[PDB]
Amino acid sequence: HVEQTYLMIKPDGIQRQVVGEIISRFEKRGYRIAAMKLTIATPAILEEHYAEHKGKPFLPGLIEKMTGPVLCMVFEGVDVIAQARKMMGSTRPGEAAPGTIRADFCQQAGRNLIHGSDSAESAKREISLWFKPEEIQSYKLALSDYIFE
């Protein structure tokens, strides 16, 4: 049984030109690209994306940092929501484990390269926010017999 998670490369990932390296880490585990789109995030969509932080003092500066080019992604795999969070590492790069994206690429939480859904409910909500159903692509990986039990 597979699930789908929402992963988003933030503007610092675009501007530091590590998009391909990020994608390769997820492809390396046999996770399937189910959707992908480059866009420029707007405050209106970011307010909904970060609805959990509404009213908090840091929300205006988070939205400002995120107003820029982003790569919206959906990846599919076993336990991929929790696993992608593990691969990303802790919010604060200095506390993230070696070998995670944030530890390997970043210094501070405010520029930590990538977002990933933190739960099944948030993944469903975030995928629906950033993608229309017609943009989610269903196909089978040819190596499936060697990736899955």
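The first residue of the shown sequence is 1; numbering continues from there.
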Of 128 to 136 vs 15 to 23, the stretch with the larger average CA B-factor in the entry is 128 to 136
Of 95 to 103 vs 57 to 65, the stretch with the larger average CA B-factor in the entry is 57 to 65
The residue of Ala123, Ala34, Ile45, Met87 with the maximal C-alpha B-factor according to the PDB record is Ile45
Entry-reported C-alpha B-factor of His115 relative to its chain, by third, is middle
Split the chain's modelled residues into thirds by Cα B-factor; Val80 lands in the lowest
